[PDB]
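Data from entry-v1.tsv: TSV, C-alpha atoms and all ligand atoms
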```tsv
chain	number	residue	atom	x	y	z
A	1	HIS	CA	-3.94	0.31	-13.98
A	2	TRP	CA	-2.69	2.64	-11.26
A	3	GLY	CA	0.82	2.41	-9.86
A	4	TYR	CA	3.89	4.56	-9.18
A	5	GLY	CA	5.52	4.94	-12.61
A	6	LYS	CA	5.65	7.94	-14.92
A	7	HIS	CA	2.48	7.04	-16.82
A	8	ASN	CA	0.28	5.69	-14.00
A	9	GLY	CA	1.67	7.39	-10.87
A	10	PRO	CA	-0.03	9.48	-8.18
A	11	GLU	CA	-0.46	12.57	-10.44
A	12	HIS	CA	-2.70	10.40	-12.66
A	13	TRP	CA	-4.88	8.76	-10.00
A	14	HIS	CA	-7.62	11.42	-10.06
A	15	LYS	CA	-8.77	10.29	-13.53
A	16	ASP	CA	-9.94	6.92	-12.16
A	17	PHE	CA	-10.48	8.02	-8.52
A	18	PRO	CA	-11.71	11.63	-8.43
A	19	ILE	CA	-11.69	11.65	-4.60
A	20	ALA	CA	-7.91	12.02	-5.12
A	21	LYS	CA	-8.64	15.76	-5.17
A	22	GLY	CA	-10.95	15.56	-2.14
A	23	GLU	CA	-11.01	17.51	1.11
A	24	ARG	CA	-9.34	15.03	3.50
A	25	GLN	CA	-6.62	13.28	1.50
A	26	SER	CA	-3.44	11.74	2.91
A	27	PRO	CA	-0.48	11.91	3.43
A	28	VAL	CA	0.26	15.46	4.62
A	29	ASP	CA	3.25	17.42	5.84
A	30	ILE	CA	3.20	17.71	9.63
A	31	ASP	CA	4.22	21.28	10.50
A	32	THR	CA	5.34	20.78	14.11
A	33	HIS	CA	4.95	24.48	14.91
A	34	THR	CA	1.28	24.74	13.88
A	35	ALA	CA	0.13	21.40	15.31
A	36	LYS	CA	-2.10	21.98	18.33
A	37	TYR	CA	-1.27	20.30	21.61
A	38	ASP	CA	-4.61	18.90	22.83
A	39	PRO	CA	-4.51	17.84	26.51
A	40	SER	CA	-7.86	16.08	26.08
A	41	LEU	CA	-6.19	13.37	23.96
A	42	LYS	CA	-5.73	10.07	25.79
A	43	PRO	CA	-2.71	7.75	25.67
A	44	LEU	CA	-2.80	5.14	22.95
A	45	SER	CA	-3.66	1.62	24.07
A	46	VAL	CA	-1.92	-0.99	21.91
A	47	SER	CA	-2.87	-4.57	22.82
A	48	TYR	CA	-0.94	-6.86	20.47
A	49	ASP	CA	-0.08	-9.67	22.90
A	50	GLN	CA	-2.59	-12.06	21.28
A	51	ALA	CA	-1.86	-11.09	17.66
A	52	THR	CA	-2.12	-13.94	15.14
A	53	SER	CA	-0.26	-13.31	11.90
A	54	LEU	CA	-1.19	-15.57	9.00
A	55	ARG	CA	0.37	-14.69	5.69
A	56	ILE	CA	2.63	-12.30	3.81
A	57	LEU	CA	1.66	-11.24	0.31
A	58	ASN	CA	3.09	-9.16	-2.54
A	59	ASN	CA	0.06	-7.38	-3.99
A	60	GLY	CA	1.90	-5.52	-6.73
A	61	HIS	CA	2.36	-2.23	-4.88
A	62	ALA	CA	3.66	-3.31	-1.45
A	63	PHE	CA	3.87	-6.44	0.72
A	64	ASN	CA	1.21	-6.96	3.35
A	65	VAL	CA	1.55	-9.00	6.57
A	66	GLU	CA	-2.06	-10.13	7.26
A	67	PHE	CA	-3.55	-10.98	10.65
A	68	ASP	CA	-6.56	-12.98	11.86
A	69	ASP	CA	-9.19	-10.28	12.51
A	70	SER	CA	-12.19	-12.52	13.27
A	71	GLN	CA	-11.93	-11.71	17.01
A	72	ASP	CA	-10.54	-8.95	19.22
A	73	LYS	CA	-7.00	-10.35	19.32
A	74	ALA	CA	-4.79	-7.39	18.34
A	75	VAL	CA	-6.56	-4.09	18.95
A	76	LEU	CA	-5.95	-0.36	19.13
A	77	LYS	CA	-7.95	1.80	21.52
A	78	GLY	CA	-7.67	5.13	23.29
A	79	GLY	CA	-5.87	8.07	21.79
A	80	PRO	CA	-8.37	10.01	19.66
A	81	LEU	CA	-10.44	6.88	19.02
A	82	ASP	CA	-13.88	5.83	20.24
A	83	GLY	CA	-14.44	2.11	20.38
A	84	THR	CA	-12.17	-0.76	19.39
A	85	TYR	CA	-10.15	-1.15	16.18
A	86	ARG	CA	-8.82	-4.58	15.08
A	87	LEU	CA	-5.48	-4.98	13.31
A	88	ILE	CA	-5.95	-6.48	9.83
A	89	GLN	CA	-2.60	-5.92	8.09
A	90	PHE	CA	0.56	-3.89	8.02
A	91	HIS	CA	2.79	-2.83	5.14
A	92	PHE	CA	5.49	-0.29	4.28
A	93	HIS	CA	6.24	2.48	1.77
A	94	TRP	CA	9.87	3.00	0.84
A	95	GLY	CA	12.24	4.80	-1.48
A	96	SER	CA	14.88	4.05	-4.07
A	97	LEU	CA	17.28	6.08	-1.88
A	98	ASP	CA	17.63	6.56	1.87
A	99	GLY	CA	16.60	10.23	1.57
A	100	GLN	CA	13.02	9.50	0.50
A	101	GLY	CA	10.32	6.92	0.98
A	102	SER	CA	7.97	8.05	3.72
A	103	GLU	CA	4.51	9.31	2.84
A	104	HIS	CA	4.04	11.73	5.70
A	105	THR	CA	6.79	14.27	6.28
A	106	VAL	CA	7.74	16.26	9.39
A	107	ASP	CA	8.62	19.90	8.71
A	108	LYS	CA	9.17	18.73	5.10
A	109	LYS	CA	11.68	16.06	6.25
A	110	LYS	CA	11.35	12.73	4.41
A	111	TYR	CA	12.19	9.42	6.09
A	112	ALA	CA	13.58	6.32	4.38
A	113	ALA	CA	10.30	4.41	4.81
A	114	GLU	CA	6.96	4.45	6.61
A	115	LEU	CA	5.18	1.58	8.35
A	116	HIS	CA	1.37	1.46	8.29
A	117	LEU	CA	-0.56	-0.74	10.76
A	118	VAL	CA	-4.14	-0.77	9.51
A	119	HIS	CA	-7.05	-1.28	11.93
A	120	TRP	CA	-10.83	-1.29	11.40
A	121	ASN	CA	-13.72	-0.21	13.71
A	122	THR	CA	-15.47	-3.29	15.15
A	123	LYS	CA	-18.84	-1.45	15.19
A	124	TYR	CA	-18.96	-1.90	11.35
A	125	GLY	CA	-18.56	-5.72	11.43
A	126	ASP	CA	-16.04	-6.12	8.63
A	127	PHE	CA	-13.29	-4.21	6.86
A	128	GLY	CA	-15.31	-3.64	3.67
A	129	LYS	CA	-18.08	-1.86	5.64
A	130	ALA	CA	-15.53	0.17	7.69
A	131	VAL	CA	-13.93	1.82	4.59
A	132	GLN	CA	-17.34	3.36	3.75
A	133	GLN	CA	-17.46	5.23	7.09
A	134	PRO	CA	-15.68	8.46	8.19
A	135	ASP	CA	-14.47	6.78	11.40
A	136	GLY	CA	-14.04	3.33	9.89
A	137	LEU	CA	-10.25	2.92	9.97
A	138	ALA	CA	-7.33	3.81	12.23
A	139	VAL	CA	-3.83	3.62	10.74
A	140	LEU	CA	-0.78	3.78	13.02
A	141	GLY	CA	2.12	5.34	11.09
A	142	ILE	CA	5.74	4.79	12.13
A	143	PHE	CA	8.74	6.37	10.41
A	144	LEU	CA	11.92	4.42	9.64
A	145	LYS	CA	15.37	5.98	9.54
A	146	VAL	CA	18.56	4.21	8.50
A	147	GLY	CA	20.95	3.47	11.35
A	148	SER	CA	21.15	0.41	13.60
A	149	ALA	CA	19.30	-2.78	12.67
A	150	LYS	CA	15.84	-3.52	14.03
A	151	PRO	CA	15.98	-7.12	15.27
A	152	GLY	CA	12.18	-7.56	15.27
A	153	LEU	CA	12.06	-6.67	11.56
A	154	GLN	CA	14.50	-9.34	10.40
A	155	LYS	CA	11.91	-12.13	10.21
A	156	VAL	CA	10.03	-10.03	7.65
A	157	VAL	CA	13.18	-9.22	5.67
A	158	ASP	CA	14.25	-12.85	5.46
A	159	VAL	CA	11.00	-14.05	3.86
A	160	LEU	CA	10.91	-11.40	1.11
A	161	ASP	CA	12.76	-13.66	-1.35
A	162	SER	CA	9.79	-16.03	-1.33
A	163	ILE	CA	7.32	-13.28	-2.39
A	164	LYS	CA	9.45	-11.36	-4.93
A	165	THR	CA	6.73	-10.98	-7.59
A	166	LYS	CA	3.14	-9.81	-7.59
A	167	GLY	CA	0.56	-12.35	-6.39
A	168	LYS	CA	3.11	-14.42	-4.47
A	169	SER	CA	2.11	-15.35	-0.88
A	170	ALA	CA	3.82	-17.25	1.93
A	171	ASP	CA	2.71	-18.58	5.29
A	172	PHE	CA	3.79	-16.12	7.96
A	173	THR	CA	2.74	-17.25	11.44
A	174	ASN	CA	3.75	-16.25	14.95
A	175	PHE	CA	5.11	-12.82	13.98
A	176	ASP	CA	4.88	-10.39	16.90
A	177	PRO	CA	4.22	-6.79	15.75
A	178	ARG	CA	5.26	-5.42	19.16
A	179	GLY	CA	8.82	-5.75	17.80
A	180	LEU	CA	8.14	-2.84	15.41
A	181	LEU	CA	7.09	-0.18	17.89
A	182	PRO	CA	9.26	2.70	19.13
A	183	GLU	CA	9.88	3.36	22.82
A	184	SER	CA	7.50	6.32	23.08
A	185	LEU	CA	3.88	6.41	21.91
A	186	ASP	CA	3.59	10.20	21.58
A	187	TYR	CA	1.72	11.01	18.39
A	188	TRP	CA	0.11	13.49	16.05
A	189	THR	CA	-3.41	12.80	14.79
A	190	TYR	CA	-5.58	14.14	11.96
A	191	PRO	CA	-8.50	12.90	9.80
A	192	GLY	CA	-7.38	11.57	6.43
A	193	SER	CA	-7.67	8.95	3.72
A	194	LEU	CA	-6.18	5.77	2.39
A	195	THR	CA	-3.01	6.68	0.53
A	196	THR	CA	-3.63	4.19	-2.29
A	197	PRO	CA	-6.72	3.79	-4.47
A	198	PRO	CA	-9.54	3.78	-3.70
A	199	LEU	CA	-8.33	6.78	-1.52
A	200	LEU	CA	-11.45	6.67	0.70
A	201	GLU	CA	-11.66	9.36	3.42
A	202	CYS	CA	-12.28	6.83	6.22
A	203	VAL	CA	-9.04	7.09	8.22
A	204	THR	CA	-8.08	8.54	11.58
A	205	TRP	CA	-4.33	8.88	11.17
A	206	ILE	CA	-2.13	8.36	14.23
A	207	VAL	CA	1.49	9.19	13.38
A	208	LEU	CA	4.14	8.44	16.02
A	209	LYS	CA	6.72	11.13	16.74
A	210	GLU	CA	9.60	8.74	17.43
A	211	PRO	CA	10.99	6.87	14.39
A	212	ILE	CA	12.47	3.38	14.57
A	213	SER	CA	15.94	2.59	13.23
A	214	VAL	CA	16.58	-0.07	10.56
A	215	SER	CA	19.89	-0.96	9.02
A	216	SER	CA	20.97	-0.12	5.49
A	217	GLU	CA	20.97	-3.87	4.74
A	218	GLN	CA	17.38	-4.28	5.92
A	219	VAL	CA	15.97	-1.54	3.70
A	220	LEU	CA	18.11	-2.77	0.78
A	221	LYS	CA	16.12	-6.02	0.80
A	222	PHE	CA	12.83	-4.09	0.49
A	223	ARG	CA	14.17	-2.66	-2.78
A	224	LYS	CA	14.77	-6.13	-4.34
A	225	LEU	CA	11.01	-6.77	-4.55
A	226	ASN	CA	9.18	-6.48	-7.87
A	227	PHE	CA	6.06	-4.61	-8.95
A	228	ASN	CA	5.60	-7.09	-11.81
A	229	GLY	CA	4.36	-10.65	-11.83
A	230	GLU	CA	6.62	-13.62	-12.42
A	231	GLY	CA	7.55	-14.01	-16.07
A	232	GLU	CA	7.04	-10.29	-16.77
A	233	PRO	CA	9.83	-7.72	-17.27
A	234	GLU	CA	11.35	-6.76	-13.94
A	235	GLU	CA	10.36	-3.37	-12.45
A	236	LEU	CA	11.89	-2.93	-8.96
A	237	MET	CA	9.39	-2.11	-6.19
A	238	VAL	CA	10.78	1.24	-5.01
A	239	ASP	CA	9.29	4.69	-4.36
A	240	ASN	CA	5.81	3.31	-3.69
A	241	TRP	CA	4.86	6.45	-1.76
A	242	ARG	CA	2.29	9.17	-2.47
A	243	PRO	CA	3.41	12.82	-2.15
A	244	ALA	CA	2.01	15.07	0.55
A	245	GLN	CA	-1.47	16.48	-0.17
A	246	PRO	CA	-2.97	19.86	0.79
A	247	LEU	CA	-4.10	20.05	4.44
A	248	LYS	CA	-7.14	22.21	3.47
A	249	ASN	CA	-9.64	22.70	6.35
A	250	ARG	CA	-7.89	20.36	8.78
A	251	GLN	CA	-5.98	20.71	12.02
A	252	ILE	CA	-3.23	18.40	13.19
A	253	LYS	CA	-3.33	17.75	16.93
A	254	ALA	CA	-0.43	16.53	19.08
A	255	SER	CA	-0.55	14.35	22.19
A	256	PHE	CA	2.57	16.09	23.53
A	257	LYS	CA	4.13	19.51	24.05
A	301	ZN	ZN	0.38	2.59	3.40
```

Will you turn the file into structure tokens for me?
Amino acid sequence: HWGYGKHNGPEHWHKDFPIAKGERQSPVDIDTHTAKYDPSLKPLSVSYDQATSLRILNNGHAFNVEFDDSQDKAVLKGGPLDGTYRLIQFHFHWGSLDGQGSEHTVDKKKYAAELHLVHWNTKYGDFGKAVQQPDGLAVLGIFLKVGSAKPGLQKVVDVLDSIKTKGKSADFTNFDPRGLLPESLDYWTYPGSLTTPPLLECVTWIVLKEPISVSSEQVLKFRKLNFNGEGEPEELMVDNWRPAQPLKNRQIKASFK
């Protein structure tokens, strides 16, 4: 099955998922000097005050914090979006070393990790219908650099020992995702895809310019997770990131100048 090793990694995915070579694949390198400032873009509206987290789960390629998405509780609006997008989960991509780990890059610069908050368009009724549509998903991407600790991340870091192996899940209630956001909400946006199989081209990417800082100790704990299931040989969950894909016929827009 697909993964991030030498024999099943991203360079192999096209054999099972031929859209891997499609026209709007993600991630991409953000060239800050060719991105177009678009003054018609609106500020992002992030309404997470009523967010209800439920569970944290190791799915064999990352860990997902899942939210109750049966009502408009935690929603993303504005920016380049039409309509209302509900938060369903967030997860991260990270490296084996501090110098790599993000999926998107900025002027070819790699960050130590990348946070993805995944939202789906309410007009489509459920997540599974949203993935089939070109405007079905909105993913907020936030870079992580190593520096000072992020206090609002620590609750996540402390529970990772209970979900070390694939298929492990733990109750994870009352987590506030507002603790993960940077000060500024300036962003780049472009139309893209999921960055894991099935790689569907259903995503409006919204990548924040300002990274958040996490401590060396916090990212170290990410790297103690396991791709494998319990009772299988240990393969550390590191470098679960897809390399940048060709931009092709797309334009990256910026909310700022
Ligand atoms: Zn992701």

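Considering the residues A:91, A:7, A:257, A:15 and counting only C-alpha atoms, residue 59 in chain A has its shortest atom-to-atom contact with A:91.
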
Inset, instruction - Give me, please, the distance in Å between CA of residue 12 in chain A and CA of residue 197 in chain A, quoted to one decimal. - result: 11.3 Å

Inset, instruction - Between A:10, A:18, A:95, A:191, single out the one closest to residue 236 in chain A, counting only C-alpha atoms. - result: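 Residue with the minimum atom-to-atom distance to residue 236 in chain A: A:95.
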
Inset, instruction - One decimal, Å: what's the distance from atom ZN of ligand ZN 301 (chain A) over to CA of residue 40 in chain A, could you say? - result: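 So the two atoms, atom ZN of ligand ZN 301 (chain A) and CA of residue 40 in chain A, lie 27.6 Å apart.
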
Legend entry - Shell of 9 Å around ligand ZN 301 (chain A) (all atoms listed in the file), written as a ChimeraX atom specification: /A:62,90-93,103,114-118,139,141,194-196,240-241

Legend entry - Contacts of residue 187 in chain A at 6 Å (all atoms listed in the file; same-chain gap of 2+ positions) as JSON, numbers by chain: {"A": [207, 208, 209, 254, 255]}

Inset, instruction - Show which residues sit within 9 Å of range 246-251 of chain A, as a VMD selection string. Count all atoms listed in the file, and ignore same-chain residues fewer than 6 positions away. - result: chain A and resid 23 to 29 34 to 36 189 to 191

Inset, instruction - For residue 163 in chain A, work out the shell of residues within 7 Å, counting all atoms listed in the file and skipping chain neighbours fewer than 6 positions away, then give it as a list in words. - result: residues 57, 58, 169 and 170 of chain A

Inset, instruction - Write out as a list in words each polymer residue whose atoms come within 12 Å of range 166-168 of chain A, counting only C-alpha atoms; drop sequence neighbours fewer than 6 positions from it. - result: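 Skipping anything fewer than 6 positions along the chain leaves residues 55, 56, 57, 58, 59, 60, 61, 62, 63, 64, 159, 160, 225, 226, 227, 228, 229, 230, 231, 232, 233, 234, 235, 236 and 237 of chain A.
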
Inset, instruction - Could you jot down the CA of residue 165 in chain A to CA of residue 68 in chain A separation for me, Å, one decimal place? - result: 23.6 Å

Show which residues sit within 10 Å of range 73-86 of chain A, as a PDB file with C-alpha atoms, in the frame of the given file. Count only C-alpha atoms, and ignore same-chain residues fewer than 3 positions away.
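Contents of the output file around_35.pdb:
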```pdb
ATOM      1  CA  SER A  40      -7.860  16.080  26.080  1.00  0.00           C
ATOM      2  CA  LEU A  41      -6.190  13.370  23.960  1.00  0.00           C
ATOM      3  CA  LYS A  42      -5.730  10.070  25.790  1.00  0.00           C
ATOM      4  CA  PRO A  43      -2.710   7.750  25.670  1.00  0.00           C
ATOM      5  CA  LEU A  44      -2.800   5.140  22.950  1.00  0.00           C
ATOM      6  CA  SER A  45      -3.660   1.620  24.070  1.00  0.00           C
ATOM      7  CA  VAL A  46      -1.920  -0.990  21.910  1.00  0.00           C
ATOM      8  CA  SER A  47      -2.870  -4.570  22.820  1.00  0.00           C
ATOM      9  CA  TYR A  48      -0.940  -6.860  20.470  1.00  0.00           C
ATOM     10  CA  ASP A  49      -0.080  -9.670  22.900  1.00  0.00           C
ATOM     11  CA  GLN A  50      -2.590 -12.060  21.280  1.00  0.00           C
ATOM     12  CA  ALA A  51      -1.860 -11.090  17.660  1.00  0.00           C
ATOM     13  CA  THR A  52      -2.120 -13.940  15.140  1.00  0.00           C
ATOM     14  CA  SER A  53      -0.260 -13.310  11.900  1.00  0.00           C
ATOM     15  CA  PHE A  67      -3.550 -10.980  10.650  1.00  0.00           C
ATOM     16  CA  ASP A  68      -6.560 -12.980  11.860  1.00  0.00           C
ATOM     17  CA  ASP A  69      -9.190 -10.280  12.510  1.00  0.00           C
ATOM     18  CA  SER A  70     -12.190 -12.520  13.270  1.00  0.00           C
ATOM     19  CA  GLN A  89      -2.600  -5.920   8.090  1.00  0.00           C
ATOM     20  CA  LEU A 117      -0.560  -0.740  10.760  1.00  0.00           C
ATOM     21  CA  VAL A 118      -4.140  -0.770   9.510  1.00  0.00           C
ATOM     22  CA  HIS A 119      -7.050  -1.280  11.930  1.00  0.00           C
ATOM     23  CA  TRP A 120     -10.830  -1.290  11.400  1.00  0.00           C
ATOM     24  CA  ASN A 121     -13.720  -0.210  13.710  1.00  0.00           C
ATOM     25  CA  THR A 122     -15.470  -3.290  15.150  1.00  0.00           C
ATOM     26  CA  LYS A 123     -18.840  -1.450  15.190  1.00  0.00           C
ATOM     27  CA  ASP A 126     -16.040  -6.120   8.630  1.00  0.00           C
ATOM     28  CA  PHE A 127     -13.290  -4.210   6.860  1.00  0.00           C
ATOM     29  CA  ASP A 135     -14.470   6.780  11.400  1.00  0.00           C
ATOM     30  CA  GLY A 136     -14.040   3.330   9.890  1.00  0.00           C
ATOM     31  CA  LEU A 137     -10.250   2.920   9.970  1.00  0.00           C
ATOM     32  CA  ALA A 138      -7.330   3.810  12.230  1.00  0.00           C
ATOM     33  CA  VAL A 139      -3.830   3.620  10.740  1.00  0.00           C
ATOM     34  CA  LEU A 140      -0.780   3.780  13.020  1.00  0.00           C
ATOM     35  CA  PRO A 177       4.220  -6.790  15.750  1.00  0.00           C
ATOM     36  CA  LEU A 185       3.880   6.410  21.910  1.00  0.00           C
ATOM     37  CA  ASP A 186       3.590  10.200  21.580  1.00  0.00           C
ATOM     38  CA  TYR A 187       1.720  11.010  18.390  1.00  0.00           C
ATOM     39  CA  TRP A 188       0.110  13.490  16.050  1.00  0.00           C
ATOM     40  CA  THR A 189      -3.410  12.800  14.790  1.00  0.00           C
ATOM     41  CA  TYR A 190      -5.580  14.140  11.960  1.00  0.00           C
ATOM     42  CA  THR A 204      -8.080   8.540  11.580  1.00  0.00           C
ATOM     43  CA  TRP A 205      -4.330   8.880  11.170  1.00  0.00           C
ATOM     44  CA  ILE A 206      -2.130   8.360  14.230  1.00  0.00           C
ATOM     45  CA  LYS A 253      -3.330  17.750  16.930  1.00  0.00           C
ATOM     46  CA  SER A 255      -0.550  14.350  22.190  1.00  0.00           C
TER      47      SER A 255
END
```

Could range 222-239 of chain A be written out with N, CA, C and O atoms, as an mmCIF file, in the first residue's frame, please?
```cif
data_model
loop_
_atom_site.group_PDB
_atom_site.id
_atom_site.type_symbol
_atom_site.label_atom_id
_atom_site.label_comp_id
_atom_site.auth_asym_id
_atom_site.auth_seq_id
_atom_site.Cartn_x
_atom_site.Cartn_y
_atom_site.Cartn_z
ATOM 1 N N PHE A 222 6.736 14.372 17.934
ATOM 2 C CA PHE A 222 6.131 13.930 16.675
ATOM 3 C C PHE A 222 6.885 12.746 16.099
ATOM 4 O O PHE A 222 6.287 11.792 15.600
ATOM 5 N N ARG A 223 8.208 12.841 16.142
ATOM 6 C CA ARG A 223 9.076 11.821 15.499
ATOM 7 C C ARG A 223 9.164 10.479 16.251
ATOM 8 O O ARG A 223 9.900 9.607 15.785
ATOM 9 N N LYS A 224 8.476 10.355 17.376
ATOM 10 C CA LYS A 224 8.507 9.089 18.147
ATOM 11 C C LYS A 224 7.313 8.217 17.742
ATOM 12 O O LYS A 224 7.242 7.061 18.151
ATOM 13 N N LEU A 225 6.431 8.779 16.933
ATOM 14 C CA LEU A 225 5.266 8.007 16.453
ATOM 15 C C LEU A 225 5.716 6.914 15.474
ATOM 16 O O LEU A 225 6.851 6.956 15.006
ATOM 17 N N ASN A 226 4.806 6.000 15.188
ATOM 18 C CA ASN A 226 5.143 4.848 14.335
ATOM 19 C C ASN A 226 4.182 4.701 13.152
ATOM 20 O O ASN A 226 2.974 4.832 13.338
ATOM 21 N N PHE A 227 4.740 4.442 11.979
ATOM 22 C CA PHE A 227 3.896 4.138 10.823
ATOM 23 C C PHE A 227 3.182 2.805 10.992
ATOM 24 O O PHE A 227 2.066 2.627 10.489
ATOM 25 N N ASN A 228 3.841 1.854 11.644
ATOM 26 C CA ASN A 228 3.419 0.468 11.770
ATOM 27 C C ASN A 228 2.348 0.292 12.844
ATOM 28 O O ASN A 228 2.181 1.118 13.743
ATOM 29 N N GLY A 229 1.647 -0.838 12.766
ATOM 30 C CA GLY A 229 0.765 -1.226 13.838
ATOM 31 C C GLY A 229 1.512 -1.881 14.983
ATOM 32 O O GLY A 229 2.652 -2.326 14.848
ATOM 33 N N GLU A 230 0.859 -1.912 16.141
ATOM 34 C CA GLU A 230 1.417 -2.603 17.295
ATOM 35 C C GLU A 230 1.799 -4.029 16.911
ATOM 36 O O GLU A 230 1.143 -4.663 16.083
ATOM 37 N N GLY A 231 2.880 -4.530 17.502
ATOM 38 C CA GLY A 231 3.315 -5.878 17.197
ATOM 39 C C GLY A 231 3.940 -6.072 15.830
ATOM 40 O O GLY A 231 4.201 -7.221 15.445
ATOM 41 N N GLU A 232 4.171 -5.001 15.080
ATOM 42 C CA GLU A 232 4.905 -5.046 13.827
ATOM 43 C C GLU A 232 6.272 -4.406 14.033
ATOM 44 O O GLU A 232 6.486 -3.708 15.029
ATOM 45 N N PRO A 233 7.238 -4.646 13.139
ATOM 46 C CA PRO A 233 8.532 -3.965 13.280
ATOM 47 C C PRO A 233 8.352 -2.453 13.240
ATOM 48 O O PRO A 233 7.526 -1.919 12.498
ATOM 49 N N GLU A 234 9.135 -1.768 14.064
ATOM 50 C CA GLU A 234 8.980 -0.331 14.251
ATOM 51 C C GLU A 234 9.567 0.434 13.069
ATOM 52 O O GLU A 234 10.745 0.272 12.732
ATOM 53 N N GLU A 235 8.754 1.288 12.457
ATOM 54 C CA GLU A 235 9.229 2.234 11.414
ATOM 55 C C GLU A 235 8.774 3.624 11.945
ATOM 56 O O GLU A 235 7.549 3.851 12.122
ATOM 57 N N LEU A 236 9.719 4.494 12.279
ATOM 58 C CA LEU A 236 9.382 5.797 12.832
ATOM 59 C C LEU A 236 8.606 6.626 11.818
ATOM 60 O O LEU A 236 8.957 6.678 10.635
ATOM 61 N N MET A 237 7.549 7.290 12.296
ATOM 62 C CA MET A 237 6.740 8.193 11.474
ATOM 63 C C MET A 237 7.473 9.526 11.350
ATOM 64 O O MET A 237 7.332 10.427 12.179
ATOM 65 N N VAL A 238 8.279 9.642 10.293
ATOM 66 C CA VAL A 238 8.988 10.871 9.950
ATOM 67 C C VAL A 238 8.928 11.030 8.436
ATOM 68 O O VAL A 238 8.701 10.070 7.696
ATOM 69 N N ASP A 239 9.133 12.272 7.990
ATOM 70 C CA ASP A 239 9.164 12.630 6.570
ATOM 71 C C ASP A 239 7.916 12.131 5.856
ATOM 72 O O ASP A 239 7.991 11.498 4.802
#
```
